[PDB]
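**Q** Encoded as structure tokens, here's the structure I'll be asking about.
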Amino acid sequence: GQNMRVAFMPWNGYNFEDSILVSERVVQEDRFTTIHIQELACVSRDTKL
Amino acid sequence: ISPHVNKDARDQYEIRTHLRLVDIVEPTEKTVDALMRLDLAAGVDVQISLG
């Protein structure tokens with residue numbers, strides 16, 4: 001992963017007991033963007049007709 | 001064509017009957033099913049001999 005600059009503090013409860021507050025900068029830098037390659041198949045069969 | 005006498009006034013008509021033969025050797029179930037699901041123009045008689 002990436003080494004993010006973190007601080008330990010309550011901030012209006014948006015990090016409530018499991019939650020994480022993330023600055024817009026990290027999403028502006030494409031810190032965590034990832035590529036997913038999906039495979040879709042269209043088959044065709046010599047049907048009885 | 002004359003309702004009375006006039007023996008020499010006549011009309012000749014004709015009913016032409018055309019015949020076409022299609023022989024399908026080595027039939028397959030697929031071919032037969034396609035032929036079944038294919039519908040032909042009406043007023044055309046089709047007789048199928050088998051063997």
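Each chain of the structure tokens is named A, B, ... in the order shown, its residues numbered from 1; ligands are numbered from 1 in display order.
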Which residues of chain B have any atom within 8 Å of an atom in chain A when counting only C-alpha atoms, and what is the closest pair of atoms for each, with the distance in Å to one decimal? Order the rows by chain and rising number and write it as JSON lines.
**A**
```
{"residue": "B:30", "atom": "CA", "partner": "A:48", "partner_atom": "CA", "distance": 5.9}
{"residue": "B:33", "atom": "CA", "partner": "A:49", "partner_atom": "CA", "distance": 6.7}
{"residue": "B:34", "atom": "CA", "partner": "A:49", "partner_atom": "CA", "distance": 6.3}
```
**Q** Name the residues in contact with range 43-47 of chain B at a cut-off of 12 Å, using only C-alpha atoms, excluding same-chain residues fewer than 5 positions from it; report them as a PyMOL selection string.
**A** chain B and resi 17-23
**Q** Pull C-alpha atoms from the residues just selected and write them as a CSV table (one decimal), in the first residue's frame.
**A**
```csv
chain,number,residue,atom,x,y,z
B,17,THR,CA,-49.9,-28.1,-63.8
B,18,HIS,CA,-46.2,-27.7,-63.1
B,19,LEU,CA,-44.2,-30.4,-61.3
B,20,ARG,CA,-40.8,-29.9,-59.4
B,21,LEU,CA,-38.9,-32.7,-57.7
B,22,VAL,CA,-36.5,-32.0,-54.9
B,23,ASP,CA,-34.5,-35.0,-53.6
```
**Q** Using only C-alpha atoms, which protein or nucleic acid residues come within 12 Å of residue 1 in chain A? Drop anything in the same chain fewer than 6 positions from it, and give the result as a short mmCIF file (atom, residue, chain, number, x, y, z; two decimals) with C-alpha atoms, in the first residue's frame.
**A**
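Result file is part-v2.cif:
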```
data_model
loop_
_atom_site.label_atom_id
_atom_site.label_comp_id
_atom_site.auth_asym_id
_atom_site.auth_seq_id
_atom_site.Cartn_x
_atom_site.Cartn_y
_atom_site.Cartn_z
CA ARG A 31 -2.96 7.23 -3.95
CA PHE A 32 -5.39 4.32 -3.86
CA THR A 33 -6.84 4.01 -7.38
CA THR A 34 -6.66 0.47 -8.72
#
```
**Q** Would you mind reading off the distance between CA of residue 39 in chain B and CA of residue 43 in chain A, one decimal, in Å?
**A** 29.3 Å
**Q** Report the distance between CA of residue 50 in chain B and CA of residue 27 in chain B in Å, rounded to one decimal place.
**A**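 Interatomic distance, CA of residue 50 in chain B to CA of residue 27 in chain B: 10.7 Å.
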**Q** Please, which residues of chain A, numbered as in this document, come out helix (DSSP H, G or I) from DSSP, as a ChimeraX atom specification?
**A** /A:24-28
**Q** I'd like the interatomic distance between CA of residue 3 in chain A and CA of residue 37 in chain A, to a tenth of an Å.
**A** 25.5 Å
